[PDB]
Number of protein chains: 6
Amino acid sequence: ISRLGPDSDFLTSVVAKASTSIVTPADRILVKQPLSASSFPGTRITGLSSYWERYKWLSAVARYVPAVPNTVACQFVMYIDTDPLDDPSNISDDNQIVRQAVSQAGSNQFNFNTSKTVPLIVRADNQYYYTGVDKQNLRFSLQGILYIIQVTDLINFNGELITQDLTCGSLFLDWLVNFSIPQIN
Amino acid sequence: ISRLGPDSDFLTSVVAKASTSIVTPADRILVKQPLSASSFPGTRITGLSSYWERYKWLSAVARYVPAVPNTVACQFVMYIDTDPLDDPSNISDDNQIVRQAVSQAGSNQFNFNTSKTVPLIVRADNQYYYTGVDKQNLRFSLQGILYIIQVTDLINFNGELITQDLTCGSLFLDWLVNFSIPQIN
Amino acid sequence: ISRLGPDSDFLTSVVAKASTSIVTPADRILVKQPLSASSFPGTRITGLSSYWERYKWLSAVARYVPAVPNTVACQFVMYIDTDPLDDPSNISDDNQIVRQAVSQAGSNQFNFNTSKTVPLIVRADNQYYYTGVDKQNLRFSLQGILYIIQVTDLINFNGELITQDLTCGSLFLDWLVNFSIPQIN
Amino acid sequence: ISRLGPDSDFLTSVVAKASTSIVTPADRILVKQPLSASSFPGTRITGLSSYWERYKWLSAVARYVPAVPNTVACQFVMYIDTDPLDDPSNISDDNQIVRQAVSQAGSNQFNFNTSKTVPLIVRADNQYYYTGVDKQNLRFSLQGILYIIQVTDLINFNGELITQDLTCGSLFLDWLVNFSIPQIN
Amino acid sequence: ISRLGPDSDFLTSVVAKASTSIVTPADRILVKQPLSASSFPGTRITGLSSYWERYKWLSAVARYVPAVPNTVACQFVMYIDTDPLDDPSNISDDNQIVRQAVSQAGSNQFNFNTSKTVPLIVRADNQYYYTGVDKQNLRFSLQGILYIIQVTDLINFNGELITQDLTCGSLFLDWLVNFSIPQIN
Amino acid sequence: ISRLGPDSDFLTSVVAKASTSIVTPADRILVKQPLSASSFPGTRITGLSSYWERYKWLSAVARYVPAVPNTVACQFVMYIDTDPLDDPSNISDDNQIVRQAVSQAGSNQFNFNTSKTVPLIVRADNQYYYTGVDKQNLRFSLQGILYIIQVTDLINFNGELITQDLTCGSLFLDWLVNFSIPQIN
Ligand SMILES: [Ca+2]
Ligand SMILES: [Ca+2]
Ligand SMILES: [Ca+2]
Ligand SMILES: [Ca+2]
Ligand SMILES: [Ca+2]
Ligand SMILES: [Ca+2]
């Protein structure tokens with residue numbers, strides 16, 4: 001029972017995309033990041049995660065930081081599904097996807113030229129999750145999955161459509177974990 | 001963490017069956033009702049269950065109410081298996097099926113012209129269960145399954161065999177739930 | 001502010017009906033009794049209700065008492081809608097009607113050869129209602145409407161269909177009211 | 001009496017409009033959003049609202065978040081009328097419309113490239129409202145209606161008129177409700 | 001929540017009428033004054049009432065003051081109906097009209113050459129009412145309606161019938177209000 | 001003695017002006033707004049002010065909100081003179097006008113693309129002021145006058161002079177008043 005954190009780690013870059021690149025609701029899913037302790041190869045936290053059998057986030061907050069000037073605009077909504085077998089990749093309505101998104105807890109909505117954060121909501125029971133690579137069922141290994149859904153046109157200084165996908169910011173995880181039972185795995 | 005109830009909902013009708021219709025022990029299983037918050041389409045509780053990620057019954061009591069006069073008779077035993085992968089559909093002995101039945105906890109045994117109830121026994125650990133349709137494994141989604149086993153001949157005012165299956169009563173659920181984490185699913 | 005009761009009054013007879021008489025879900029509505037203080041002409045309570053401007057039930061419990069032997073059977077569900085502009089007269093599914101019924105609060109379900117009761121659930125706010133005949137909108141005058149829905153075949157001593165509608169019991173109201181502001185109306 | 005929240009839901013997109021599109025004061029009304037628990041189809045809150053007879057917002061705060069860069073500008077005023085039968089769609093003076101707007105309580109005024117919020121002011125009495133679709137009178141069902149009034153020219157990086165309506169941001173509701181009396185409706 | 005008062009305002013003149021002018025019970029209704037905060041154009045209170053969404057009288061007392069010498073006589077009864085959809089304009093019996101009148105609460109009866117007062121009885125619930133002009137239903141806007149019923153012949157110094165209608169006094173309102181939620185309307 | 005507020009009302013639009021339009025120090029006075037309770041026709045507060053003889057602001061804070069993007073710039077100083085017979089319309093030096101401005105109390109200085117506020121400083125004595133239109137002397141009726149002085153060139157994204165006056169934002173009043181003695185005026 002070893003409590004590590006609070007500490008940070010780098011997740012991914014994030015790319016806003018031009019209207020032309022969004023043909024269906026599923027195309028609005030800019031990132032889909034699994035949030036096991038073990039799902040960020042090269043990171044400190046995933047490095048650690050191979051040395052205990054199980055983990056549980058106490059706090060795991062995804063932090064978006066922009067890389068983009070205030071002369072472009074694009075609205076995201078960001079959220080963490082605690083059920084890794086739910087999947088919005090297959091909803092046929094744009095509005096429905098964004099609704100399902102904001103209705104998660106801790107969801108947050110913002111213009112992509114701005115830093116914002118989203119907490120992982122912790123379970124009511126005290127469930128721990130298996131470290132390491134996924135085996136038969138994700139519900140044993142993934143405490144959550146982080147999503148960014150693009151809700152709005154990527155727009156320019158004059159309100160006109162940007163013609164080309166733009167890598168716009170980065171995701172970082174600010175984390176506090178309990179790890180249980182030393183293993184090497 | 002939203003505690004809903006106590007409240008009621010309608011499950012199914014129940015049909016006692018004539019000796020002729022019971023050829024094997026499995027034929028004695030008059031109802032097999034899964035008891036997830038999400039397994040009664042059209043009900044209030046299942047309606048609700050799509051708006052939180054997980055659920056746990058605090059109390060979930062199945063209530064049988066008769067629809068049959070006191071000039072017919074038939075003895076049921078009613079019980080809720082907390083393991084949704086156990087399955088008595090395949091026991092070859094009549095006595096064995098009814099034994100396995102009464103030995104569950106909260107089991108109850110009664111003449112079908114009488115109201116009776118059966119509680120779901122809550123887990124010793126504090127396990128929550130996934131709302132919504134079942135995915136890979138039922139043990140993640142079904143907190144229990146409700147059974148009525150017919151133990152006795154459906155008999156008439158004079159002790160003679162009724163010749164024809166008789167829809168004899170109804171099942172209702174009186175429930176108290178915790179729902180955790182708002183989702184739309 | 002005059003608190004009258006607890007006291008009783010006679011509402012109506014109730015008639016269970018033969019399978020032949022139930023052609024659509026709406027046909028299952030055996031009684032539809034508005035529950036204003038002023039909606040039972042000839043009764044003591046309605047007599048009183050003309051002498052105050054407004055009323056509010058503190059307790060208003062509908063009591064069914066059978067008039068039928070234990071050699072017939074028929075299952076009712078009884079409930080009081082607090083919204084007098086809701087109307088189930090127009091649901092196309094049998095199951096749906098009974099579900100909507102049991103899901104009301106204080107609903108109760110029983111075999112028609114048995115006395116049972118159903119309370120009116122009081123509002124969370126402290127709303128009073130206008131006495132006397134209805135004017136433009138029922139929501140100003142009807143604190144609730146009482147329903148009996150028949151859920152099951154009217155059946156005989158041997159489990160066979162009764163061929164003819166049967167007046168089976170009676171409804172009584174056991175009431176406690178606040179009446180406000182003396183008027184003659 | 002079930003207290004749900006605090007939680008979020010997605011209302012609508014919002015479109016600022018070019019001077020050319022604003023010909024009369026009524027044309028300044030960019031959004032007119034009824035705020036019953038039941039008036040946002042597809043949302044979590046409206047999903048819930050079909051399972052209780054009545055509702056009352058404890059807090060219902062409309063949150064505008066921009067989708068527009070800092071090289072355009074346009075001033076809104078946002079407010080929630082608690083009377084759903086008041087209607088400014090028919091005032092003949094521009095100034096008068098905006099005055100009537102800011103004079104509501106909780107009104108707020110801002111440049112559309114900025115996140116801002118507006119609370120629903122709660123009633124002095126403790127009135128609950130009917131869930132579900134509107135029947136005869138809105139005053140029984142709508143606790144309020146949310147408005148955005150555009151007060152200023154949609155202007156570009158150089159102070160010149162934008163020639164074309166611009167979908168500029170989104171509305172979200174951060175809500176806390178009491179729901180009373182379980183119903184299915 | 002702004003408590004204004006105690007303060008006064010002028011309602012109307014009142015005209016006693018000669019036997020010849022009273023042909024039916026309805027003709028005895030000398031005044032019929034709605035008592036919303038907003039129903040006295042030109043007054044201070046109605047002036048105010050356009051700047052809050054709703055109102056509720058705490059005290060609203062109608063004060064009759066004579067304008068007539070002690071050599072004429074005529075008996076009034078004065079009362080305030082809290083139900084603005086009740087209407088005595090259509091009772092066929094003289095006695096019945098005056099009875100219905102005195103039986104209101106706070107009713108008062110007097111000779112028209114004398115100052116007298118009548119309070120509005122406040123509701124048992126805490127209902128607020130909509131300010132401004134009436135929309136669909138008066139029960140949302142009128143907290144009450146004030147009546148003067150003439151019960152007796154307008155008579156002269158010698159007990160003989162006055163031949164001609166006589167404007168005999170004036171009505172004033174002494175009021176204390178709560179106004180809720182600033183609006184301009 | 002009726003304390004109204006805190007509440008808001010709309011004052012005016014404000015127009016920054018191009019270098020060409022500023023020929024003398026007096027031309028820098030972009031707004032000159034008298035702040036009696038009675039000096040904003042159409043507003044809620046001025047509406048109210050006709051129903052008491054006198055008023056005194058407890059707090060009266062002028063709130064500027066921009067309507068202009070961050071690609072233009074212009075520095076204002078905003079202040080409220082408590083002496084309505086002082087008048088800077090006639091100072092011959094630019095620096096002197098702005099000095100006299102910032103030296104008022106509660107004065108505030110800012111770039112016009114930014115929300116800022118300025119309080120009215122309350123008197124050391126407890127002076128009340130006459131409501132309604134001005135009669136012989138302003139010192140009996142105006143508790144203060146609000147000014148915006150432009151201190152800097154209206155400049156573009158590249159530091160070059162904007163050639164044309166630009167309506168740049170709006171003024172709102174957030175107020176708390178005591179009103180004394182009911183009158184109709
Ligand atoms: Ca392992
Ligand atoms: Ca799920
Ligand atoms: Ca009445
Ligand atoms: Ca309803
Ligand atoms: Ca109104
Ligand atoms: Ca004056």
# chains A, B, ... in the order shown; residues from 1 in each chain; ligands from 1
call {"tool": "residues_around", "arguments": {"residues": "stretch 167-181 of chain D", "least_positions_apart": "2", "cutoff": "9 Å", "atoms": "only C-alpha atoms", "output": "PyMOL selection string"}}
result
(chain A and resi 75+102+109+111+151-153+159) or (chain C and resi 82+104-105+121-124) or (chain D and resi 1-17+37+45+49+51-68+112-113+128+131+165+183)
call {"tool": "select_by_dssp", "arguments": {"residues": "stretch 14-160 of chain F", "states": "strand (DSSP E)", "output": "count of residues only"}}
result
47
call {"tool": "residues_near_ligand", "arguments": {"ligand": "ligand 2", "cutoff": "7 Å", "atoms": "only C-alpha atoms and all ligand atoms", "output": "VMD selection string"}}
result
(chain A and resid 83 86) or (chain B and resid 53 130 to 132 185)
call {"tool": "closest_atom_pairs", "arguments": {"of": "chain C", "to": "chain D", "cutoff": "12 Å", "atoms": "only C-alpha atoms", "output": "tab-separated table"}}
result
residue	atom	partner	partner_atom	distance
C:79	CA	D:183	CA	10.4
C:80	CA	D:183	CA	10.0
C:81	CA	D:183	CA	7.9
C:82	CA	D:53	CA	7.4
C:83	CA	D:53	CA	7.1
C:84	CA	D:53	CA	10.8
C:85	CA	D:135	CA	7.6
C:86	CA	D:185	CA	6.8
C:87	CA	D:185	CA	8.4
C:88	CA	D:185	CA	8.4
C:90	CA	D:185	CA	11.6
C:91	CA	D:185	CA	10.6
C:96	CA	D:184	CA	9.6
C:97	CA	D:184	CA	9.8
C:98	CA	D:184	CA	10.6
C:99	CA	D:184	CA	8.0
C:100	CA	D:184	CA	5.1
C:101	CA	D:184	CA	8.0
C:102	CA	D:183	CA	8.8
C:103	CA	D:183	CA	5.7
C:104	CA	D:183	CA	4.6
C:105	CA	D:182	CA	5.7
C:106	CA	D:182	CA	9.4
C:107	CA	D:183	CA	10.2
C:120	CA	D:181	CA	10.4
C:121	CA	D:181	CA	7.2
C:122	CA	D:181	CA	8.4
C:123	CA	D:180	CA	7.2
C:124	CA	D:180	CA	6.3
C:125	CA	D:126	CA	5.8
C:126	CA	D:126	CA	7.7
C:127	CA	D:127	CA	8.1
C:128	CA	D:127	CA	11.5
C:136	CA	D:136	CA	9.1
C:137	CA	D:136	CA	7.4
C:138	CA	D:136	CA	9.8
C:139	CA	D:140	CA	8.2
C:140	CA	D:140	CA	9.8
C:144	CA	D:53	CA	11.6
call {"tool": "calpha_fit_and_write", "arguments": {"fixed": "chain B", "moving": "chain D", "output": "short mmCIF file (atom, residue, chain, number, x, y, z; two decimals) with C-alpha atoms, in the first residue's frame"}}
result
data_model
loop_
_atom_site.label_atom_id
_atom_site.label_comp_id
_atom_site.auth_asym_id
_atom_site.auth_seq_id
_atom_site.Cartn_x
_atom_site.Cartn_y
_atom_site.Cartn_z
CA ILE D 1 -23.67 8.84 -5.15
CA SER D 2 -27.44 9.21 -5.40
CA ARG D 3 -29.69 7.10 -3.25
CA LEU D 4 -33.01 6.43 -4.93
CA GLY D 5 -36.00 4.78 -3.29
CA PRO D 6 -37.71 3.10 -1.68
CA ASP D 7 -39.84 2.65 -4.81
CA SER D 8 -41.67 -0.05 -6.79
CA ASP D 9 -41.71 -1.43 -10.33
CA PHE D 10 -43.47 -4.16 -12.29
CA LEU D 11 -41.40 -7.18 -13.35
CA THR D 12 -43.49 -9.93 -15.05
CA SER D 13 -46.51 -12.10 -14.88
CA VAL D 14 -45.94 -15.60 -13.63
CA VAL D 15 -47.47 -18.80 -14.95
CA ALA D 16 -47.93 -21.94 -12.89
CA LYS D 17 -47.91 -25.00 -15.08
CA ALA D 18 -49.79 -28.25 -15.32
CA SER D 19 -48.09 -31.58 -14.49
CA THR D 20 -48.10 -32.45 -18.23
CA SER D 21 -45.89 -29.34 -18.89
CA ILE D 22 -43.23 -30.41 -16.35
CA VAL D 23 -41.19 -33.19 -17.92
CA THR D 24 -37.74 -32.40 -16.44
CA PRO D 25 -36.43 -30.52 -13.39
CA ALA D 26 -35.55 -27.54 -15.62
CA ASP D 27 -39.25 -27.26 -16.57
CA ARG D 28 -39.93 -26.30 -12.92
CA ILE D 29 -38.23 -22.93 -13.42
CA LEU D 30 -41.28 -20.73 -13.89
CA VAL D 31 -39.38 -17.45 -13.97
CA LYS D 32 -35.76 -16.49 -14.44
CA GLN D 33 -35.54 -12.72 -14.02
CA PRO D 34 -32.18 -10.94 -14.11
CA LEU D 35 -32.02 -8.18 -11.43
CA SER D 36 -29.78 -5.45 -12.78
CA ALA D 37 -31.13 -1.96 -12.31
CA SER D 38 -31.13 -1.97 -16.12
CA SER D 39 -32.97 -5.24 -16.91
CA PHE D 40 -36.69 -4.25 -16.95
CA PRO D 41 -37.33 -2.25 -20.08
CA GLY D 42 -40.13 0.29 -19.69
CA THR D 43 -39.77 0.50 -15.91
CA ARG D 44 -38.90 3.58 -13.93
CA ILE D 45 -35.76 2.01 -12.43
CA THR D 46 -34.33 0.85 -15.76
CA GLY D 47 -35.25 4.25 -17.17
CA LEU D 48 -33.11 5.86 -14.49
CA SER D 49 -30.26 3.38 -14.80
CA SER D 50 -29.01 4.78 -18.09
CA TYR D 51 -27.89 8.01 -16.33
CA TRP D 52 -25.25 6.70 -13.91
CA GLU D 53 -22.26 4.46 -14.68
CA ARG D 54 -22.91 1.98 -11.89
CA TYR D 55 -25.46 0.79 -9.39
CA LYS D 56 -25.81 -1.23 -6.22
CA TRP D 57 -29.03 -2.45 -4.64
CA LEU D 58 -29.29 -1.63 -0.93
CA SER D 59 -32.55 -3.48 -0.75
CA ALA D 60 -34.15 -5.23 -3.71
CA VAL D 61 -37.08 -7.32 -2.63
CA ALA D 62 -39.16 -9.33 -5.07
CA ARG D 63 -42.85 -9.36 -4.13
CA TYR D 64 -45.18 -12.03 -5.54
CA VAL D 65 -48.89 -11.22 -5.40
CA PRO D 66 -51.47 -13.84 -6.38
CA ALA D 67 -54.13 -13.57 -9.09
CA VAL D 68 -55.71 -16.88 -8.36
CA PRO D 69 -58.54 -18.06 -6.05
CA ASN D 70 -58.20 -20.31 -2.93
CA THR D 71 -59.67 -23.24 -4.79
CA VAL D 72 -56.45 -24.00 -6.59
CA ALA D 73 -53.10 -24.74 -5.06
CA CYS D 74 -49.47 -24.97 -6.10
CA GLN D 75 -46.31 -24.55 -4.00
CA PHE D 76 -43.47 -22.31 -5.22
CA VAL D 77 -40.05 -21.62 -3.83
CA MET D 78 -38.59 -18.25 -4.78
CA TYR D 79 -34.98 -17.10 -4.48
CA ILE D 80 -32.34 -14.74 -5.84
CA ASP D 81 -28.97 -16.13 -6.91
CA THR D 82 -26.26 -13.48 -6.46
CA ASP D 83 -24.08 -15.32 -9.00
CA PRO D 84 -25.46 -14.77 -12.49
CA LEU D 85 -23.27 -17.55 -14.00
CA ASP D 86 -24.63 -20.25 -11.75
CA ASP D 87 -27.40 -21.95 -13.62
CA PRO D 88 -29.81 -24.65 -12.38
CA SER D 89 -31.37 -25.05 -15.84
CA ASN D 90 -29.23 -28.21 -15.85
CA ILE D 91 -29.78 -30.31 -12.73
CA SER D 92 -31.19 -33.76 -13.35
CA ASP D 93 -32.95 -34.27 -9.97
CA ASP D 94 -36.22 -32.61 -8.87
CA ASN D 95 -35.38 -32.72 -5.20
CA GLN D 96 -31.92 -31.36 -5.86
CA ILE D 97 -33.27 -28.34 -7.72
CA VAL D 98 -35.65 -27.41 -4.88
CA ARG D 99 -32.96 -27.98 -2.26
CA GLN D 100 -30.47 -25.77 -4.03
CA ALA D 101 -33.33 -23.29 -4.11
CA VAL D 102 -34.40 -23.18 -0.47
CA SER D 103 -30.75 -23.17 0.63
CA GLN D 104 -30.17 -19.70 -0.90
CA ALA D 105 -30.48 -16.99 1.63
CA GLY D 106 -33.74 -15.10 1.83
CA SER D 107 -35.35 -17.91 -0.10
CA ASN D 108 -38.98 -18.29 0.68
CA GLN D 109 -41.57 -21.02 0.06
CA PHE D 110 -45.30 -20.62 -0.28
CA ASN D 111 -48.60 -21.58 -1.81
CA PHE D 112 -49.18 -19.57 -4.98
CA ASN D 113 -52.49 -18.08 -3.78
CA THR D 114 -50.67 -15.91 -1.23
CA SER D 115 -48.48 -12.85 -1.30
CA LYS D 116 -44.85 -13.46 -0.26
CA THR D 117 -41.47 -11.73 -0.59
CA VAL D 118 -37.84 -12.50 -1.16
CA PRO D 119 -34.94 -10.15 -0.45
CA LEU D 120 -31.75 -9.96 -2.46
CA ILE D 121 -28.92 -10.66 -0.03
CA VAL D 122 -26.30 -7.89 -0.24
CA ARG D 123 -22.60 -8.68 -0.71
CA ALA D 124 -20.13 -8.63 2.23
CA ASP D 125 -17.77 -6.46 0.17
CA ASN D 126 -19.13 -3.24 -1.22
CA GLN D 127 -19.33 -4.11 -4.89
CA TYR D 128 -20.97 -1.84 -7.41
CA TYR D 129 -22.14 -3.13 -10.79
CA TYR D 130 -22.17 -1.68 -14.30
CA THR D 131 -25.44 -0.22 -15.55
CA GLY D 132 -26.80 -0.84 -18.98
CA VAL D 133 -26.74 -3.76 -21.33
CA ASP D 134 -24.46 -6.73 -20.56
CA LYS D 135 -20.99 -6.77 -22.21
CA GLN D 136 -18.45 -9.66 -21.82
CA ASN D 137 -19.24 -11.07 -18.37
CA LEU D 138 -22.45 -11.01 -16.33
CA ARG D 139 -20.60 -10.83 -13.01
CA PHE D 140 -19.82 -7.19 -13.89
CA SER D 141 -23.45 -6.24 -14.62
CA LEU D 142 -25.95 -8.59 -12.82
CA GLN D 143 -26.15 -8.15 -9.06
CA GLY D 144 -28.51 -11.12 -9.09
CA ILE D 145 -31.07 -13.29 -10.85
CA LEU D 146 -34.53 -14.05 -9.41
CA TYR D 147 -36.04 -17.54 -9.78
CA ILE D 148 -39.38 -19.15 -9.07
CA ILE D 149 -39.19 -22.94 -8.91
CA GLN D 150 -42.48 -24.87 -8.85
CA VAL D 151 -42.15 -27.66 -6.23
CA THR D 152 -45.63 -29.24 -6.38
CA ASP D 153 -48.47 -30.28 -8.72
CA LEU D 154 -50.88 -27.54 -9.81
CA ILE D 155 -53.99 -28.98 -8.17
CA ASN D 156 -57.76 -28.16 -8.22
CA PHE D 157 -60.48 -27.69 -5.57
CA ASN D 158 -60.72 -31.45 -5.13
CA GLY D 159 -57.04 -32.42 -5.16
CA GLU D 160 -57.02 -33.44 -8.85
CA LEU D 161 -54.50 -32.27 -11.47
CA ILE D 162 -55.29 -29.03 -13.34
CA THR D 163 -54.94 -29.88 -17.05
CA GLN D 164 -53.78 -26.49 -18.32
CA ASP D 165 -51.06 -23.88 -17.48
CA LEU D 166 -52.48 -20.98 -15.47
CA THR D 167 -51.12 -17.44 -15.33
CA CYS D 168 -51.38 -17.13 -11.53
CA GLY D 169 -49.82 -13.87 -10.28
CA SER D 170 -47.36 -11.04 -10.76
CA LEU D 171 -43.89 -9.96 -9.63
CA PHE D 172 -43.02 -6.54 -8.35
CA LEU D 173 -39.70 -5.12 -7.19
CA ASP D 174 -39.48 -2.89 -4.11
CA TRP D 175 -36.11 -1.27 -4.41
CA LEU D 176 -33.54 1.03 -2.84
CA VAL D 177 -30.45 1.85 -4.99
CA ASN D 178 -27.26 3.72 -4.87
CA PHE D 179 -26.30 5.00 -8.33
CA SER D 180 -22.67 6.31 -8.81
CA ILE D 181 -21.18 8.73 -11.37
CA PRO D 182 -23.43 10.59 -13.81
CA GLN D 183 -23.03 9.29 -17.41
CA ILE D 184 -25.50 9.11 -20.34
CA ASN D 185 -24.21 5.86 -21.72
#
call {"tool": "select_by_dssp", "arguments": {"residues": "stretch 18-185 of chain E", "states": "helix (DSSP H, G or I)", "output": "ChimeraX atom specification"}}
result
/E:19-21,25-28,44-49,88-90,94-102,138-140
call {"tool": "write_last_selection", "arguments": {"atoms": "N, CA and C atoms", "output": "CSV table (one decimal), in the first residue's frame"}}
result
chain,number,residue,atom,x,y,z
E,19,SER,N,-83.5,52.6,-5.1
E,19,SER,CA,-84.3,51.3,-5.2
E,19,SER,C,-84.6,51.0,-6.7
E,20,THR,N,-85.1,52.0,-7.4
E,20,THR,CA,-85.4,51.9,-8.9
E,20,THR,C,-84.2,51.3,-9.7
E,21,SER,N,-83.0,51.6,-9.3
E,21,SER,CA,-81.8,51.1,-10.0
E,21,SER,C,-81.4,49.6,-9.6
E,25,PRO,N,-80.6,40.9,-7.9
E,25,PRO,CA,-79.5,40.8,-7.0
E,25,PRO,C,-78.1,41.3,-7.5
E,26,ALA,N,-77.8,40.9,-8.8
E,26,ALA,CA,-76.5,41.4,-9.4
E,26,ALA,C,-76.4,43.0,-9.3
E,27,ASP,N,-77.5,43.7,-9.4
E,27,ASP,CA,-77.5,45.1,-9.4
E,27,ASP,C,-77.1,45.7,-8.0
E,28,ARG,N,-77.0,44.8,-7.0
E,28,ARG,CA,-76.6,45.2,-5.6
E,28,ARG,C,-75.1,45.3,-5.5
E,44,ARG,N,-49.5,54.6,-6.9
E,44,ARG,CA,-48.1,54.3,-6.5
E,44,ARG,C,-47.8,52.8,-6.6
E,45,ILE,N,-48.7,52.0,-6.1
E,45,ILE,CA,-48.5,50.6,-5.9
E,45,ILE,C,-48.4,49.9,-7.2
E,46,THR,N,-49.3,50.2,-8.1
E,46,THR,CA,-49.3,49.7,-9.5
E,46,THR,C,-48.1,50.2,-10.3
E,47,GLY,N,-47.7,51.4,-10.0
E,47,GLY,CA,-46.5,52.0,-10.6
E,47,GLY,C,-45.3,51.1,-10.3
E,48,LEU,N,-45.2,50.8,-9.0
E,48,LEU,CA,-44.1,49.9,-8.5
E,48,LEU,C,-44.2,48.5,-9.1
E,49,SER,N,-45.4,48.0,-9.2
E,49,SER,CA,-45.6,46.6,-9.5
E,49,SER,C,-45.0,46.1,-10.8
E,88,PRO,N,-70.4,36.3,-8.0
E,88,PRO,CA,-71.8,36.4,-7.6
E,88,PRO,C,-72.6,37.2,-8.5
E,89,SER,N,-72.1,37.8,-9.6
E,89,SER,CA,-72.9,38.5,-10.6
E,89,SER,C,-74.1,37.7,-11.0
E,90,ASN,N,-74.1,36.4,-10.7
E,90,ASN,CA,-75.2,35.5,-11.1
E,90,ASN,C,-75.8,34.6,-10.0
E,94,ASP,N,-81.6,37.7,-3.5
E,94,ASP,CA,-81.1,38.8,-2.7
E,94,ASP,C,-80.4,38.4,-1.4
E,95,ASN,N,-81.2,37.6,-0.6
E,95,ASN,CA,-80.6,37.1,0.6
E,95,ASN,C,-79.4,36.3,0.4
E,96,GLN,N,-79.4,35.4,-0.6
E,96,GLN,CA,-78.3,34.6,-0.8
E,96,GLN,C,-77.1,35.4,-1.1
E,97,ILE,N,-77.2,36.4,-2.0
E,97,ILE,CA,-76.0,37.2,-2.3
E,97,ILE,C,-75.4,37.8,-1.0
E,98,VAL,N,-76.2,38.4,-0.1
E,98,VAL,CA,-75.7,39.1,1.1
E,98,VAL,C,-75.1,38.0,2.0
E,99,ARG,N,-75.7,36.8,2.1
E,99,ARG,CA,-75.2,35.8,3.0
E,99,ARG,C,-73.8,35.4,2.5
E,100,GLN,N,-73.7,35.0,1.3
E,100,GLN,CA,-72.4,34.6,0.7
E,100,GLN,C,-71.4,35.7,0.9
E,101,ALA,N,-71.9,37.0,1.1
E,101,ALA,CA,-71.0,38.1,1.3
E,101,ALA,C,-70.5,38.1,2.7
E,102,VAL,N,-71.4,38.2,3.7
E,102,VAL,CA,-71.0,38.3,5.1
E,102,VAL,C,-70.2,37.0,5.5
E,138,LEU,N,-56.9,34.0,-14.1
E,138,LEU,CA,-56.8,35.0,-13.1
E,138,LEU,C,-56.1,34.5,-11.8
E,139,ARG,N,-56.5,33.3,-11.4
E,139,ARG,CA,-55.8,32.6,-10.3
E,139,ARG,C,-54.3,32.7,-10.2
E,140,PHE,N,-53.6,33.0,-11.3
E,140,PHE,CA,-52.2,33.3,-11.3
E,140,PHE,C,-51.8,34.8,-11.0
call {"tool": "decode", "arguments": {"residues": "stretch 40-45 of chain E", "atoms": "N, CA, C and O atoms", "output": "mmCIF file, in the first residue's frame"}}
result
data_model
loop_
_atom_site.group_PDB
_atom_site.id
_atom_site.type_symbol
_atom_site.label_atom_id
_atom_site.label_comp_id
_atom_site.auth_asym_id
_atom_site.auth_seq_id
_atom_site.Cartn_x
_atom_site.Cartn_y
_atom_site.Cartn_z
ATOM 1 N N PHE E 40 -54.524 49.073 -10.403
ATOM 2 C CA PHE E 40 -55.002 50.438 -10.100
ATOM 3 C C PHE E 40 -54.145 51.415 -10.873
ATOM 4 O O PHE E 40 -53.192 51.967 -10.329
ATOM 5 N N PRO E 41 -54.471 51.633 -12.153
ATOM 6 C CA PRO E 41 -53.537 52.416 -12.951
ATOM 7 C C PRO E 41 -53.469 53.836 -12.405
ATOM 8 O O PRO E 41 -54.480 54.355 -11.912
ATOM 9 N N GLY E 42 -52.264 54.401 -12.416
ATOM 10 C CA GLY E 42 -52.005 55.724 -11.857
ATOM 11 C C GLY E 42 -51.549 55.747 -10.412
ATOM 12 O O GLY E 42 -50.994 56.752 -9.952
ATOM 13 N N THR E 43 -51.798 54.659 -9.685
ATOM 14 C CA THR E 43 -51.427 54.574 -8.280
ATOM 15 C C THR E 43 -49.954 54.296 -8.121
ATOM 16 O O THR E 43 -49.275 53.834 -9.047
ATOM 17 N N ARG E 44 -49.480 54.571 -6.917
ATOM 18 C CA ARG E 44 -48.107 54.317 -6.543
ATOM 19 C C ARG E 44 -47.802 52.809 -6.572
ATOM 20 O O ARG E 44 -46.768 52.385 -7.087
ATOM 21 N N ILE E 45 -48.723 52.006 -6.052
ATOM 22 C CA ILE E 45 -48.477 50.580 -5.877
ATOM 23 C C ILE E 45 -48.426 49.888 -7.240
ATOM 24 O O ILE E 45 -47.536 49.093 -7.505
#
